[PDB]
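Engineer: Please find the sequence and an experimentally derived structure below.
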Amino acid sequence: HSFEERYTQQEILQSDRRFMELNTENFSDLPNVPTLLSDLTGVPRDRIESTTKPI
DNA sequence: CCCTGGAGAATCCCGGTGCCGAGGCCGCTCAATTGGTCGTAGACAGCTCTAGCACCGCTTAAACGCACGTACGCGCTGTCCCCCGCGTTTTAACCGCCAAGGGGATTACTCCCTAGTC
């Protein structure tokens, strides 16, 4: 029972971007979240800004 | 593909007779006019006083364009579910039937209130 099944792709990606937004310790790295997530999983910043829906 | 002759049926409408009440007519009738008073409250200044008209230079706070962007009102698809028109049944007021009081008037017996004369 993988959590990728109970939680859909959108939900696991939301958990991931919340994780990366917990990684930062300052204001300045909040726009660095798309860059960090693209470095992590290789997703373009377009869908990061379009579908992640951050805090 | 979509239009309609015929038919079923609802509408508009004026004769066409019966009814009850809108309006006129009659008999009171009571309240608005009107004489006055006398004194009350608002018009007429008048002094006052008090908030606003326009003016000056700033201050960035809102206002607006531009560009991205993105998701929602609306319009497309389909089904499904549920309410209507019609057919059958049952409460639901309304008007007749009957024998007995209640009573309101209505009149009959009578009995006291009234009033006359040898």
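Structural biologist: That came through, no problem. Residues are numbered from 1 along each chain as shown, chains lettered A, B, ... in the order given.
Engineer: Quick one: name the residues of chain A near DNA strand B.
Structural biologist: Applying C-beta under 7 Å from any atom of the strand, we find that chain A lies next to DNA strand B at A:46, A:49-50. Placement of C-beta: from N, CA and C, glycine included.
Engineer: cutoff 6 Å now
Structural biologist: Within chain A, the positions lying close to DNA strand B (C-beta under 6 Å from any atom of the strand) are A:49-50.
Engineer: Which single residue of chain A ends up nearest DNA strand B?
Structural biologist: Going by C-beta to the nearest atom of the strand, DNA strand B is nearest to residue A:50 of chain A, at 3.5 Å.
Engineer: Regarding that residue, what is its secondary structure?
Structural biologist: Here residue A:50 takes the helix state, with states given by DSSP: H, G, I helix; E, B strand; the rest coil.
Engineer: Roughly how far does it sit from residue A:8?
Structural biologist: 17 Å (C-beta to C-beta, to the nearest Å).
Engineer: And for residue A:37?
Structural biologist: Counting by C-beta to C-beta, the separation of residue A:37 from residue A:8 is 18 Å.
Engineer: Do a quick rundown of the helices in chain A.
Structural biologist: A:3-6, A:9-23, A:33-41, A:45-51 (DSSP state H).
Engineer: Could you provide the ones you listed in CSV, with additional columns for mean neighbour count?
Structural biologist: Formatted as CSV, these follow (neighbours: other C-beta atoms under 10 Å):
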stretch, mean neighbour count
helix A:3-6, 9
helix A:9-23, 14
helix A:33-41, 15
helix A:45-51, 13
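Engineer: Report the central residue of chain A.
Structural biologist: Nearest to the geometric centre of chain A sits residue A:17, at 2.2 Å (C-alpha atoms, centre = their mean).
Engineer: pretty sure that residue contacts residue A:36?
Structural biologist: No: Residue A:17 lies out of contact with residue A:36 (C-beta atoms under 8 Å); the separation is 9.7 Å.
Engineer: how far does stretch A:46-55 stretch from start to finish?
Structural biologist: 17 Å (C-alpha to C-alpha, to the nearest Å).
Engineer: List the contacts of that stretch.
Structural biologist: Residues outside stretch A:46-55 that contact it (C-beta atoms under 8 Å, 6 or more residues apart in numbering): A:10, A:13-14, A:17-18, A:21, A:33-34, A:37-38.
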